[PDB]
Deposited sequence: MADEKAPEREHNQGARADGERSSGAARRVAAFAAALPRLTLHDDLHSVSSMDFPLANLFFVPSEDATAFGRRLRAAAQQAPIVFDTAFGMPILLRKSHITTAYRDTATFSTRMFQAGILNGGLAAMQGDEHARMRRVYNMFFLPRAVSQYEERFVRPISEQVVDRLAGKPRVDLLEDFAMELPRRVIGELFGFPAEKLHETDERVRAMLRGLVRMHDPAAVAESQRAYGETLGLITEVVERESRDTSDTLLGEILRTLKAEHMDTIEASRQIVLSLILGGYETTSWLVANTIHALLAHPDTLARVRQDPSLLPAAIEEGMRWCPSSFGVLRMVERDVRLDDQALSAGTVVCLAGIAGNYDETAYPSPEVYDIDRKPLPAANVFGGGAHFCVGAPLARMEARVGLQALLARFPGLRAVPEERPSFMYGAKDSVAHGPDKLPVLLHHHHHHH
């Protein structure tokens, strides 16, 4: 629902160049501050000043559109003080100390097992590594088998598609259907790990929720749901895009293999160069003017904060994957303001620890030379921008 905005098609466009997405967004930002994306179904805010303002004025740009779907009752759908309260609690699970504990207890072991398992006939690091690792990690946080989560794949994406394409009745309906079909699993996990007294990081989370007097069936389900949507599906694509960036720049890959301390930068520059999400959705709560542009109350819009990822003035030669950029580029993929991804520290860590294992174990790692991946937003019916595959050779050396 928009007005005088140029039509555009920025998201669902395949390209063999992983930079195409970023460039397109940037190119559109230079033509106009707001466009209407016909495939994505809403006005897209592209100018940094509009976006940074919008992240901070939550009463004008709210997350109330999430109150009408499966995320109702979760953190993202909360507003004002209710959100602040609950965010305080979600924050406790992602503190540096907690995140390191997860690294030693789960993510390092699991990443090593996942990687050794590849030493397989025809390796695709998307399905065999980037999807595998986060799924197994969530498996272990729940005390639940990873193969049972793997069968939720199509449901997890159906759930997510209805959170983005909410202008689409069928996507919304399938999102609800899929949640209902996954409620059993989610409730089971909650019951086992809220049990008498047992031991999963999930158990610790549920005991914390109770200690803070926020223990409800909805809250417990929503946390579990978060861990699935973010810590499994969304994290996968961040790992995939980072890998691709390294494979596509073998000098940089070599440097990183020789000095793993370069990994955090490799990941942050990854998020700039080849971002896995677009930003965020927001509901305009009052008629608002943004320079010459007008938006009506009731319009859902997208803040495409990644349109700055290719601003030459901030990141010269934006097409170039340069892990030496300093300061490191600001991570627009996690959103902004009060709703900024609370799981980021876990996600960044899974990527670091997973990649380090991979590069340690296969010095010979390289892309298969003329099977170029294809990139688009909507890859595999997800809500990520990502490759369709990442075929690799693990030797010579």
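Absence of C-alpha coordinates is noted for several segments of the deposited sequence, namely 1-48, 168, 447-450.
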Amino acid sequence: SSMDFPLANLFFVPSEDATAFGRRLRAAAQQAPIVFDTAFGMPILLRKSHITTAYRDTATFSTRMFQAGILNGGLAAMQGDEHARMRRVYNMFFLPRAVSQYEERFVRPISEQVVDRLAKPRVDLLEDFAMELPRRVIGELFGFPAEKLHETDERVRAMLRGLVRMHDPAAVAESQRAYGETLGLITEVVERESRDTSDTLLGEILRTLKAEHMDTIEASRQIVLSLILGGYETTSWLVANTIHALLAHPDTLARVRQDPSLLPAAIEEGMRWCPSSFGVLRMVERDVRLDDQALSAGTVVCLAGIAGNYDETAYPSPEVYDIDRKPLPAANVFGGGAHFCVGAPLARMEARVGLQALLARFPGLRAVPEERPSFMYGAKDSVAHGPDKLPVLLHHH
From here on, numbers count along this sequence of modelled residues.
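Just going by the entry, 353-361 versus 51-59 on mean CA temperature factor gives the higher value to 353-361.
For the two regions 181-189 and 304-312, the entry's Cα B-factors average higher over 181-189.
By the numbers in the PDB entry, the CA B factor is greatest at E212 among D251, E212, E319, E269.
For the set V89, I323, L201, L247, the maximum C-alpha B-factor listed in the entry falls on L201.
In the deposited entry, the Cα temperature factor of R64 sits in the middle third of values across the chain's modelled residues. When the modelled residues of the chain are ordered by their C-alpha B factor, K389 lands in the middle third. Ranked by Cα temperature factor within the chain, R282 sits in the lowest third according to the deposited record. Sorting the modelled residues of the chain by their CA temperature factor places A158 in the middle third.
Ranked by Cα temperature factor within the chain, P327 sits in the lowest third according to the deposited record.
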